[PDB]
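Below is one structure, written out as structure tokens, with a few remarks after it.
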There are 2 protein chains.
Amino acid sequence: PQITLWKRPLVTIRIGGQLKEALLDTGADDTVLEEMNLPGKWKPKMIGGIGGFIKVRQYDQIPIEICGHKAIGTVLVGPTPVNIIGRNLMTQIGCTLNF
Amino acid sequence: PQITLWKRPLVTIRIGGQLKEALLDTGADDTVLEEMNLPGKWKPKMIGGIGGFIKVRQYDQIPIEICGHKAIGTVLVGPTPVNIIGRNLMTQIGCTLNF
Ligand SMILES: CC(C)CN(C[C@@H](O)[C@H](Cc1ccccc1)NC(=O)O[C@H]1CO[C@H]2OCC[C@H]21)S(=O)(=O)c1ccc(N)cc1
């Protein structure tokens, strides 16, 4: 689809058979989701945002379906103000900015 | 143009005598620029992201040129680590997300 920006670009995602709302975030290198359980091994990591650094759990090769478009990649789980889909996954689903 | 998300979507913006590199950021409601001493009335605000909040100065009706495209609107100014072009000005230069 084409998504305009007068409203937040919130989309429904599917991850582990759960439906969640996430923000398509072109300013985010990484995908960061609110606290949730994901299976498999994870690595402790730290990332920085506008307000400082947080601790996250890094899960690799996680499938997420974003508006029915399939991605498989790295998901960070931790204290984010909102679920955000970053460039790592937006690139996989073919997302570009256009003006 | 079409801006790839393989890399951070940095573009050149102008605000007065200053040329800056700024992210086209769909996850940012409002434009926030690195510390600079703009003229005019402003109001204090706190904006929040990953890591917590920063204090900013909200200036209204500030003209900014984004890759040659004219915009005018709210510009938040404060100790952000990166210059961010938010939705408020992206809409004005015709910017959509597409996949
Ligand atoms: C988290 C969002 C809901 C809001 N953020 C915009 C976001 O695009 C920032 C924009 C951003 C970018 C770099 C540094 C600080 C903020 N990105 C960000 O935190 O991404 C993190 C996840 O991937 C990593 O890559 C970049 C930092 C990490 S925000 O910067 O906090 C923000 C909040 C409010 C406004 N008005 C403007 C910006």
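FYI, nothing fancy with the structure tokens labels: chains A, B, ... in order, residues from 1 per chain, ligands from 1 as they appear.
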
Name the residues in contact with residue 4 of chain B at a cut-off of 12 Å, using only C-alpha atoms, excluding same-chain residues fewer than 4 positions from it; report them as a list in words.
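Near residue 4 of chain B, the qualifying residues are residues 26, 87, 88, 90, 91, 92, 93, 94, 95, 96, 97 and 98 of chain A; 8, 9, 10, 11, 24, 97, 98 and 99 of chain B.
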
Take the residues that were just selected and, keeping N, CA and C atoms, output them as a PDB file, in the first residue's frame.
```
ATOM      1  N   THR A  26      10.744   4.872  10.354  1.00  0.00           N
ATOM      2  CA  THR A  26      11.929   4.966   9.497  1.00  0.00           C
ATOM      3  C   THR A  26      13.158   5.555  10.211  1.00  0.00           C
ATOM      4  N   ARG A  87      14.018  -0.155  10.241  1.00  0.00           N
ATOM      5  CA  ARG A  87      14.506  -0.363   8.890  1.00  0.00           C
ATOM      6  C   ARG A  87      14.902  -1.810   8.635  1.00  0.00           C
ATOM      7  N   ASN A  88      15.429  -2.513   9.644  1.00  0.00           N
ATOM      8  CA  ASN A  88      15.860  -3.903   9.411  1.00  0.00           C
ATOM      9  C   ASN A  88      14.740  -4.766   8.821  1.00  0.00           C
ATOM     10  N   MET A  90      11.530  -3.250   7.631  1.00  0.00           N
ATOM     11  CA  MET A  90      10.913  -2.510   6.528  1.00  0.00           C
ATOM     12  C   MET A  90      11.631  -2.732   5.191  1.00  0.00           C
ATOM     13  N   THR A  91      12.954  -2.884   5.224  1.00  0.00           N
ATOM     14  CA  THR A  91      13.691  -3.211   4.011  1.00  0.00           C
ATOM     15  C   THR A  91      13.249  -4.568   3.455  1.00  0.00           C
ATOM     16  N   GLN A  92      13.011  -5.541   4.330  1.00  0.00           N
ATOM     17  CA  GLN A  92      12.642  -6.877   3.864  1.00  0.00           C
ATOM     18  C   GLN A  92      11.298  -6.875   3.145  1.00  0.00           C
ATOM     19  N   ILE A  93      10.369  -6.025   3.573  1.00  0.00           N
ATOM     20  CA  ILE A  93       9.055  -5.970   2.934  1.00  0.00           C
ATOM     21  C   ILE A  93       8.966  -4.947   1.800  1.00  0.00           C
ATOM     22  N   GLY A  94      10.105  -4.362   1.428  1.00  0.00           N
ATOM     23  CA  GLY A  94      10.177  -3.480   0.263  1.00  0.00           C
ATOM     24  C   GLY A  94       9.750  -2.038   0.476  1.00  0.00           C
ATOM     25  N   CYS A  95       9.828  -1.564   1.715  1.00  0.00           N
ATOM     26  CA  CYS A  95       9.319  -0.245   2.084  1.00  0.00           C
ATOM     27  C   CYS A  95      10.320   0.870   1.760  1.00  0.00           C
ATOM     28  N   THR A  96       9.861   1.889   1.028  1.00  0.00           N
ATOM     29  CA  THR A  96      10.664   3.059   0.699  1.00  0.00           C
ATOM     30  C   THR A  96       9.875   4.307   1.081  1.00  0.00           C
ATOM     31  N   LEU A  97      10.580   5.421   1.205  1.00  0.00           N
ATOM     32  CA  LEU A  97       9.954   6.729   1.373  1.00  0.00           C
ATOM     33  C   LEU A  97       9.888   7.369  -0.001  1.00  0.00           C
ATOM     34  N   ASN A  98       8.792   8.061  -0.292  1.00  0.00           N
ATOM     35  CA  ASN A  98       8.631   8.720  -1.581  1.00  0.00           C
ATOM     36  C   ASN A  98       7.989  10.089  -1.434  1.00  0.00           C
TER      37      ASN A  98
ATOM     38  N   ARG B   8      20.128   4.790   6.857  1.00  0.00           N
ATOM     39  CA  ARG B   8      19.316   5.840   7.468  1.00  0.00           C
ATOM     40  C   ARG B   8      18.904   6.847   6.399  1.00  0.00           C
ATOM     41  N   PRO B   9      17.615   7.229   6.376  1.00  0.00           N
ATOM     42  CA  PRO B   9      17.107   8.195   5.403  1.00  0.00           C
ATOM     43  C   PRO B   9      17.445   9.644   5.744  1.00  0.00           C
ATOM     44  N   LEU B  10      18.722   9.977   5.603  1.00  0.00           N
ATOM     45  CA  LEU B  10      19.218  11.307   5.914  1.00  0.00           C
ATOM     46  C   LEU B  10      19.100  12.164   4.680  1.00  0.00           C
ATOM     47  N   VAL B  11      18.596  13.380   4.868  1.00  0.00           N
ATOM     48  CA  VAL B  11      18.462  14.332   3.777  1.00  0.00           C
ATOM     49  C   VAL B  11      18.982  15.675   4.261  1.00  0.00           C
ATOM     50  N   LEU B  24      14.419  11.596   7.747  1.00  0.00           N
ATOM     51  CA  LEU B  24      12.991  11.562   7.459  1.00  0.00           C
ATOM     52  C   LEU B  24      12.430  10.445   8.321  1.00  0.00           C
ATOM     53  N   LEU B  97       5.023   6.542   2.722  1.00  0.00           N
ATOM     54  CA  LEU B  97       5.673   5.238   2.824  1.00  0.00           C
ATOM     55  C   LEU B  97       4.984   4.314   1.832  1.00  0.00           C
ATOM     56  N   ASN B  98       5.767   3.527   1.101  1.00  0.00           N
ATOM     57  CA  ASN B  98       5.227   2.652   0.063  1.00  0.00           C
ATOM     58  C   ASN B  98       5.882   1.287   0.082  1.00  0.00           C
ATOM     59  N   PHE B  99       5.052   0.250   0.003  1.00  0.00           N
ATOM     60  CA  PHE B  99       5.507  -1.116  -0.248  1.00  0.00           C
ATOM     61  C   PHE B  99       4.409  -1.959  -0.883  1.00  0.00           C
TER      62      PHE B  99
END
```

Kindly work out which residues sit at most 6 Å from ligand 1, using only C-alpha atoms and all ligand atoms, and give the list as an MDAnalysis selection string.
(chainID A and resid 25:30 48:50 82) or (chainID B and resid 25 27:32 47:50 81:82)

From the list A:66, A:38, A:71, A:80, which residue is nearest residue 51 of chain B when using only C-alpha atoms?
A:80

Which of segment 20-98 of chain B counts as alpha helix (DSSP H) under DSSP, as a list in words please?
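Filtering segment 20-98 of chain B to alpha helix (DSSP H) leaves residues 87, 88, 89 and 90 of chain B.
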
Would you output that residue set with N, CA, C and O atoms, as a PDB file, in the first residue's frame?
```
ATOM      1  N   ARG B  87       6.587  13.823  11.090  1.00  0.00           N
ATOM      2  CA  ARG B  87       5.408  13.760  10.242  1.00  0.00           C
ATOM      3  C   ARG B  87       4.830  15.129   9.936  1.00  0.00           C
ATOM      4  O   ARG B  87       4.367  15.355   8.820  1.00  0.00           O
ATOM      5  N   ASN B  88       4.883  16.047  10.898  1.00  0.00           N
ATOM      6  CA  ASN B  88       4.313  17.378  10.725  1.00  0.00           C
ATOM      7  C   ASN B  88       4.834  18.117   9.483  1.00  0.00           C
ATOM      8  O   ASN B  88       4.106  18.883   8.889  1.00  0.00           O
ATOM      9  N   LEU B  89       6.086  17.876   9.095  1.00  0.00           N
ATOM     10  CA  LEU B  89       6.689  18.537   7.937  1.00  0.00           C
ATOM     11  C   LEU B  89       6.819  17.588   6.754  1.00  0.00           C
ATOM     12  O   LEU B  89       6.827  18.030   5.603  1.00  0.00           O
ATOM     13  N   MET B  90       6.924  16.287   7.017  1.00  0.00           N
ATOM     14  CA  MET B  90       6.981  15.305   5.928  1.00  0.00           C
ATOM     15  C   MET B  90       5.717  15.360   5.069  1.00  0.00           C
ATOM     16  O   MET B  90       5.795  15.281   3.846  1.00  0.00           O
TER      17      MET B  90
END
```

Please superimpose chain A upon chain B, fitting all C-alpha atoms matched one to one in order, and report the result as a short mmCIF file (atom, residue, chain, number, x, y, z; two decimals) with N, CA, C and O atoms, in the first residue's frame.
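selection.cif, freshly written:
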```cif
data_model
loop_
_atom_site.label_atom_id
_atom_site.label_comp_id
_atom_site.auth_asym_id
_atom_site.auth_seq_id
_atom_site.Cartn_x
_atom_site.Cartn_y
_atom_site.Cartn_z
N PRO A 1 11.78 12.79 -4.79
CA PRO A 1 12.54 11.59 -5.09
C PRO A 1 11.95 10.34 -4.44
O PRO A 1 11.05 10.44 -3.60
N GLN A 2 12.48 9.18 -4.83
CA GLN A 2 12.23 7.93 -4.12
C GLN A 2 13.48 7.61 -3.30
O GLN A 2 14.59 7.63 -3.84
N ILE A 3 13.30 7.31 -2.02
CA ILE A 3 14.42 7.05 -1.12
C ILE A 3 14.28 5.63 -0.60
O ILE A 3 13.25 5.29 0.01
N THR A 4 15.29 4.81 -0.86
CA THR A 4 15.30 3.43 -0.38
C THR A 4 15.90 3.40 1.02
O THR A 4 16.46 4.39 1.48
N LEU A 5 15.82 2.27 1.69
CA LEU A 5 16.13 2.24 3.12
C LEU A 5 17.27 1.32 3.52
O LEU A 5 17.39 0.95 4.70
N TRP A 6 18.18 1.02 2.59
CA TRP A 6 19.35 0.25 2.95
C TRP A 6 20.34 1.13 3.72
O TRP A 6 21.14 0.60 4.49
N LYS A 7 20.23 2.44 3.55
CA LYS A 7 21.02 3.40 4.31
C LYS A 7 20.06 4.31 5.08
O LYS A 7 18.88 4.40 4.75
N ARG A 8 20.56 5.00 6.10
CA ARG A 8 19.71 5.96 6.82
C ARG A 8 19.24 7.01 5.81
O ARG A 8 20.04 7.48 5.00
N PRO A 9 17.95 7.37 5.86
CA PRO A 9 17.44 8.43 5.00
C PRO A 9 17.79 9.82 5.52
O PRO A 9 16.93 10.58 5.96
N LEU A 10 19.08 10.14 5.46
CA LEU A 10 19.59 11.44 5.84
C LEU A 10 19.49 12.36 4.64
O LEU A 10 19.92 11.99 3.53
N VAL A 11 18.96 13.56 4.87
CA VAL A 11 18.81 14.57 3.84
C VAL A 11 19.33 15.91 4.36
O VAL A 11 19.41 16.13 5.57
N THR A 12 19.67 16.79 3.44
CA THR A 12 20.13 18.12 3.79
C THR A 12 18.89 19.01 3.91
O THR A 12 18.01 18.99 3.05
N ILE A 13 18.83 19.76 5.01
CA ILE A 13 17.78 20.74 5.24
C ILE A 13 18.37 22.16 5.32
O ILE A 13 19.55 22.33 5.65
N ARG A 14 17.55 23.15 4.96
CA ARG A 14 17.89 24.56 5.13
C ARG A 14 16.96 25.19 6.17
O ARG A 14 15.74 25.15 6.02
N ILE A 15 17.54 25.75 7.22
CA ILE A 15 16.77 26.41 8.27
C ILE A 15 17.56 27.63 8.76
O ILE A 15 18.71 27.50 9.17
N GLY A 16 16.95 28.81 8.68
CA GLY A 16 17.66 30.05 9.02
C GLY A 16 18.93 30.27 8.22
O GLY A 16 19.92 30.78 8.75
N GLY A 17 18.92 29.86 6.95
CA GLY A 17 20.11 29.97 6.10
C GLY A 17 21.27 29.06 6.45
O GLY A 17 22.39 29.23 5.96
N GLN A 18 21.03 28.08 7.32
CA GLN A 18 22.05 27.13 7.69
C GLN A 18 21.71 25.80 7.04
O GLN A 18 20.54 25.45 6.94
N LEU A 19 22.73 25.06 6.62
CA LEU A 19 22.55 23.71 6.09
C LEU A 19 22.88 22.68 7.16
O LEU A 19 23.96 22.73 7.75
N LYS A 20 21.97 21.74 7.37
CA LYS A 20 22.15 20.69 8.36
C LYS A 20 21.71 19.37 7.75
O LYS A 20 20.92 19.35 6.80
N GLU A 21 22.21 18.27 8.31
CA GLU A 21 21.81 16.92 7.92
C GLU A 21 20.75 16.45 8.91
O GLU A 21 20.92 16.58 10.12
N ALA A 22 19.64 15.91 8.40
CA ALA A 22 18.57 15.42 9.26
C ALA A 22 18.05 14.10 8.73
O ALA A 22 18.16 13.80 7.55
N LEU A 23 17.51 13.31 9.66
CA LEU A 23 16.99 11.99 9.40
C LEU A 23 15.49 12.04 9.19
O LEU A 23 14.73 12.47 10.07
N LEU A 24 15.06 11.60 8.01
CA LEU A 24 13.64 11.46 7.76
C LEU A 24 13.13 10.29 8.61
O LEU A 24 13.54 9.14 8.42
N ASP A 25 12.27 10.61 9.57
CA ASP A 25 11.92 9.70 10.64
C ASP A 25 10.41 9.48 10.75
O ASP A 25 9.70 10.21 11.46
N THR A 26 9.90 8.46 10.06
CA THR A 26 8.45 8.24 10.05
C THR A 26 7.89 7.78 11.40
O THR A 26 6.69 7.90 11.63
N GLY A 27 8.74 7.27 12.29
CA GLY A 27 8.35 6.97 13.67
C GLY A 27 8.23 8.15 14.61
O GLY A 27 7.88 7.98 15.78
N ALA A 28 8.58 9.35 14.14
CA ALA A 28 8.54 10.57 14.93
C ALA A 28 7.30 11.38 14.56
O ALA A 28 7.12 11.71 13.40
N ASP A 29 6.44 11.68 15.53
CA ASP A 29 5.29 12.58 15.32
C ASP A 29 5.82 13.99 15.02
O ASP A 29 5.25 14.74 14.20
N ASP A 30 6.88 14.34 15.74
CA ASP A 30 7.45 15.70 15.75
C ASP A 30 8.85 15.78 15.19
O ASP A 30 9.61 14.81 15.18
N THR A 31 9.19 17.00 14.77
CA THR A 31 10.50 17.36 14.28
C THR A 31 11.33 17.89 15.44
O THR A 31 10.95 18.85 16.11
N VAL A 32 12.46 17.23 15.69
CA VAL A 32 13.34 17.56 16.80
C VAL A 32 14.77 17.76 16.33
O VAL A 32 15.40 16.84 15.81
N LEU A 33 15.30 18.96 16.54
CA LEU A 33 16.62 19.32 16.08
C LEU A 33 17.53 19.51 17.28
O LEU A 33 17.09 19.91 18.37
N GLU A 34 18.81 19.24 17.07
CA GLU A 34 19.85 19.47 18.07
C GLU A 34 19.91 20.95 18.45
O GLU A 34 19.47 21.82 17.69
N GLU A 35 20.50 21.24 19.62
CA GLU A 35 20.63 22.60 20.12
C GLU A 35 21.10 23.55 19.03
O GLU A 35 22.11 23.32 18.36
N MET A 36 20.35 24.64 18.88
CA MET A 36 20.65 25.68 17.92
C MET A 36 19.84 26.90 18.34
O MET A 36 18.89 26.78 19.12
N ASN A 37 20.21 28.06 17.80
CA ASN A 37 19.47 29.28 18.02
C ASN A 37 18.43 29.47 16.92
O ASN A 37 18.75 29.36 15.74
N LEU A 38 17.21 29.75 17.33
CA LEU A 38 16.15 30.15 16.41
C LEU A 38 15.51 31.41 16.96
O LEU A 38 15.39 31.56 18.18
N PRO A 39 15.10 32.33 16.06
CA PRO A 39 14.49 33.56 16.55
C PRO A 39 13.02 33.40 16.94
O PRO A 39 12.38 32.39 16.61
N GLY A 40 12.50 34.41 17.62
CA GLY A 40 11.09 34.43 18.00
C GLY A 40 10.80 33.74 19.32
O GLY A 40 11.70 33.19 19.97
N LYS A 41 9.53 33.77 19.70
CA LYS A 41 9.08 33.21 20.95
C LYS A 41 9.12 31.69 20.86
O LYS A 41 9.01 31.11 19.77
N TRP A 42 9.34 31.05 22.00
CA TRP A 42 9.24 29.61 22.09
C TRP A 42 8.51 29.24 23.38
O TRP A 42 8.34 30.08 24.26
N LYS A 43 8.07 27.99 23.46
CA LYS A 43 7.39 27.49 24.64
C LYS A 43 8.18 26.30 25.17
O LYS A 43 8.59 25.45 24.38
N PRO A 44 8.40 26.23 26.50
CA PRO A 44 8.97 24.99 27.04
C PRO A 44 7.99 23.84 26.85
O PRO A 44 6.80 24.00 27.14
N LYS A 45 8.48 22.70 26.40
CA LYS A 45 7.64 21.51 26.26
C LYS A 45 8.42 20.28 26.72
O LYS A 45 9.64 20.35 26.90
N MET A 46 7.71 19.18 26.95
CA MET A 46 8.39 17.90 27.16
C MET A 46 7.88 16.86 26.18
O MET A 46 6.68 16.80 25.89
N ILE A 47 8.80 16.04 25.67
CA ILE A 47 8.43 14.92 24.81
C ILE A 47 9.14 13.64 25.22
O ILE A 47 10.22 13.68 25.81
N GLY A 48 8.52 12.52 24.88
CA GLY A 48 9.06 11.21 25.22
C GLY A 48 9.48 10.44 23.99
O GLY A 48 8.83 10.50 22.95
N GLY A 49 10.56 9.68 24.14
CA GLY A 49 11.09 8.82 23.09
C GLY A 49 11.32 7.44 23.67
O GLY A 49 10.75 7.08 24.71
N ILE A 50 12.17 6.67 23.01
CA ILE A 50 12.39 5.30 23.41
C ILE A 50 12.99 5.21 24.82
O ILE A 50 12.71 4.26 25.55
N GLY A 51 13.78 6.21 25.20
CA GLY A 51 14.56 6.16 26.43
C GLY A 51 14.01 6.95 27.60
O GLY A 51 14.59 6.91 28.68
N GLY A 52 12.88 7.63 27.42
CA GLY A 52 12.30 8.49 28.44
C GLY A 52 11.97 9.86 27.87
O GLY A 52 11.89 10.04 26.64
N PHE A 53 11.82 10.83 28.78
CA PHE A 53 11.38 12.17 28.41
C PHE A 53 12.51 13.18 28.45
O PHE A 53 13.43 13.08 29.26
N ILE A 54 12.39 14.17 27.58
CA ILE A 54 13.31 15.29 27.56
C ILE A 54 12.55 16.60 27.54
O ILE A 54 11.35 16.65 27.23
N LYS A 55 13.27 17.66 27.87
CA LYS A 55 12.77 19.01 27.73
C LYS A 55 13.22 19.57 26.39
O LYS A 55 14.38 19.43 26.01
N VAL A 56 12.30 20.21 25.69
CA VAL A 56 12.59 20.88 24.44
C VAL A 56 12.04 22.30 24.45
O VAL A 56 11.20 22.66 25.29
N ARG A 57 12.57 23.11 23.53
CA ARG A 57 12.00 24.41 23.23
C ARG A 57 11.16 24.27 21.95
O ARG A 57 11.67 23.83 20.92
N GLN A 58 9.89 24.67 22.03
CA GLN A 58 9.00 24.56 20.89
C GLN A 58 8.91 25.90 20.15
O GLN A 58 8.42 26.90 20.71
N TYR A 59 9.37 25.90 18.90
CA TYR A 59 9.17 27.02 17.97
C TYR A 59 8.12 26.70 16.90
O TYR A 59 8.16 25.66 16.25
N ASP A 60 7.18 27.62 16.72
CA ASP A 60 6.12 27.42 15.73
C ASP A 60 6.40 28.20 14.46
O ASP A 60 7.15 29.20 14.47
N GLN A 61 5.80 27.73 13.38
CA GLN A 61 5.86 28.34 12.06
C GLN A 61 7.28 28.68 11.61
O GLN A 61 7.56 29.80 11.19
N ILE A 62 8.17 27.70 11.72
CA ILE A 62 9.54 27.81 11.24
C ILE A 62 9.62 27.22 9.83
O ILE A 62 9.26 26.05 9.62
N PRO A 63 10.08 28.01 8.85
CA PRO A 63 10.36 27.44 7.53
C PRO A 63 11.58 26.52 7.53
O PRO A 63 12.64 26.86 8.05
N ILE A 64 11.41 25.35 6.92
CA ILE A 64 12.54 24.48 6.62
C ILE A 64 12.34 23.98 5.21
O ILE A 64 11.23 23.55 4.84
N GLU A 65 13.41 24.00 4.43
CA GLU A 65 13.42 23.46 3.07
C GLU A 65 14.09 22.08 3.13
O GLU A 65 15.26 21.98 3.46
N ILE A 66 13.34 21.03 2.82
CA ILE A 66 13.83 19.64 2.92
C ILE A 66 13.98 19.08 1.52
O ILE A 66 12.99 18.92 0.81
N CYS A 67 15.22 18.83 1.08
CA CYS A 67 15.49 18.46 -0.32
C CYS A 67 14.82 19.42 -1.32
O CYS A 67 14.25 18.99 -2.33
N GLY A 68 14.86 20.72 -1.02
CA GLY A 68 14.25 21.71 -1.91
C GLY A 68 12.73 21.78 -1.85
O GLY A 68 12.12 22.45 -2.67
N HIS A 69 12.12 21.07 -0.90
CA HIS A 69 10.67 21.12 -0.69
C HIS A 69 10.40 21.95 0.57
O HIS A 69 11.00 21.70 1.64
N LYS A 70 9.51 22.92 0.44
CA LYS A 70 9.29 23.90 1.49
C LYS A 70 8.26 23.40 2.50
O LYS A 70 7.17 22.93 2.12
N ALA A 71 8.61 23.50 3.77
CA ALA A 71 7.66 23.30 4.87
C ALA A 71 7.71 24.51 5.79
O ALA A 71 8.71 25.22 5.83
N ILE A 72 6.61 24.77 6.49
CA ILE A 72 6.59 25.76 7.56
C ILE A 72 5.81 25.16 8.72
O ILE A 72 4.61 24.91 8.62
N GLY A 73 6.50 24.92 9.82
CA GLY A 73 5.81 24.33 10.96
C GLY A 73 6.57 24.29 12.26
O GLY A 73 7.53 25.05 12.47
N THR A 74 6.15 23.39 13.13
CA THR A 74 6.68 23.35 14.49
C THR A 74 8.00 22.58 14.53
O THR A 74 8.10 21.47 14.02
N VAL A 75 8.99 23.18 15.17
CA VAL A 75 10.28 22.57 15.36
C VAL A 75 10.58 22.56 16.85
O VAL A 75 10.39 23.58 17.52
N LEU A 76 11.01 21.41 17.36
CA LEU A 76 11.42 21.25 18.74
C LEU A 76 12.94 21.19 18.78
O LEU A 76 13.57 20.50 17.97
N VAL A 77 13.53 21.93 19.69
CA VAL A 77 14.98 21.97 19.81
C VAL A 77 15.33 21.38 21.17
O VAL A 77 14.82 21.82 22.20
N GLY A 78 16.19 20.37 21.17
CA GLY A 78 16.60 19.75 22.42
C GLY A 78 17.54 18.59 22.20
O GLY A 78 17.98 18.38 21.08
N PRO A 79 17.82 17.83 23.27
CA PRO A 79 18.79 16.74 23.23
C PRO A 79 18.28 15.48 22.53
O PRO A 79 17.79 14.55 23.16
N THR A 80 18.42 15.46 21.22
CA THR A 80 18.05 14.31 20.41
C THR A 80 19.37 13.69 19.93
O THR A 80 20.35 14.41 19.73
N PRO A 81 19.42 12.36 19.75
CA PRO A 81 20.68 11.80 19.23
C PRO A 81 21.07 12.32 17.84
O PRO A 81 22.25 12.31 17.49
N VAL A 82 20.09 12.76 17.06
CA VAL A 82 20.33 13.26 15.72
C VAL A 82 19.15 14.14 15.32
O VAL A 82 18.05 13.96 15.83
N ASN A 83 19.38 15.10 14.42
CA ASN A 83 18.28 15.90 13.89
C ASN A 83 17.31 14.96 13.22
O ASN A 83 17.72 14.17 12.35
N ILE A 84 16.03 15.06 13.59
CA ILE A 84 15.00 14.22 12.98
C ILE A 84 13.85 15.04 12.42
O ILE A 84 13.33 15.95 13.08
N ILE A 85 13.47 14.72 11.19
CA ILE A 85 12.29 15.30 10.59
C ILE A 85 11.15 14.33 10.82
O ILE A 85 11.18 13.20 10.35
N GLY A 86 10.13 14.79 11.55
CA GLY A 86 8.97 13.95 11.83
C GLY A 86 7.82 14.13 10.87
O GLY A 86 7.89 14.93 9.93
N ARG A 87 6.72 13.43 11.16
CA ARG A 87 5.55 13.43 10.31
C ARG A 87 4.96 14.82 10.14
O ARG A 87 4.44 15.13 9.07
N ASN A 88 5.03 15.68 11.16
CA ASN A 88 4.43 17.02 11.03
C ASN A 88 4.95 17.77 9.81
O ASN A 88 4.19 18.46 9.15
N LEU A 89 6.24 17.62 9.48
CA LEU A 89 6.82 18.26 8.30
C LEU A 89 6.84 17.36 7.05
O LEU A 89 6.69 17.85 5.94
N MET A 90 7.06 16.07 7.22
CA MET A 90 7.01 15.16 6.07
C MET A 90 5.65 15.18 5.36
O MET A 90 5.59 15.08 4.13
N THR A 91 4.56 15.34 6.12
CA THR A 91 3.25 15.48 5.51
C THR A 91 3.19 16.73 4.62
O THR A 91 2.61 16.70 3.55
N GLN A 92 3.80 17.83 5.07
CA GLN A 92 3.73 19.07 4.31
C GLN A 92 4.43 18.95 2.96
O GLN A 92 3.99 19.54 1.99
N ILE A 93 5.51 18.17 2.90
CA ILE A 93 6.24 18.00 1.64
C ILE A 93 5.76 16.82 0.80
O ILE A 93 6.38 16.49 -0.22
N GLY A 94 4.66 16.19 1.22
CA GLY A 94 4.02 15.14 0.43
C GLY A 94 4.61 13.74 0.55
O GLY A 94 4.42 12.92 -0.33
N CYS A 95 5.28 13.47 1.67
CA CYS A 95 6.01 12.22 1.85
C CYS A 95 5.10 11.07 2.30
O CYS A 95 4.38 11.21 3.29
N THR A 96 5.15 9.95 1.58
CA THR A 96 4.40 8.75 1.93
C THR A 96 5.37 7.57 1.95
O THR A 96 6.48 7.65 1.42
N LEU A 97 4.95 6.49 2.60
CA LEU A 97 5.67 5.22 2.56
C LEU A 97 5.00 4.38 1.49
O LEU A 97 3.78 4.42 1.34
N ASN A 98 5.80 3.64 0.72
CA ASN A 98 5.26 2.79 -0.33
C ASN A 98 5.99 1.45 -0.40
O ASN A 98 7.21 1.40 -0.30
N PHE A 99 5.21 0.38 -0.52
CA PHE A 99 5.75 -0.95 -0.76
C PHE A 99 4.77 -1.83 -1.50
O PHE A 99 3.69 -1.39 -1.89
#
```

Mind checking DSSP for chain B and telling me the strand (DSSP E) residues as number ranges by chain?
B: 2-3, 10-15, 18-24, 31-33, 42-49, 52-66, 69-77, 83-85, 96-98
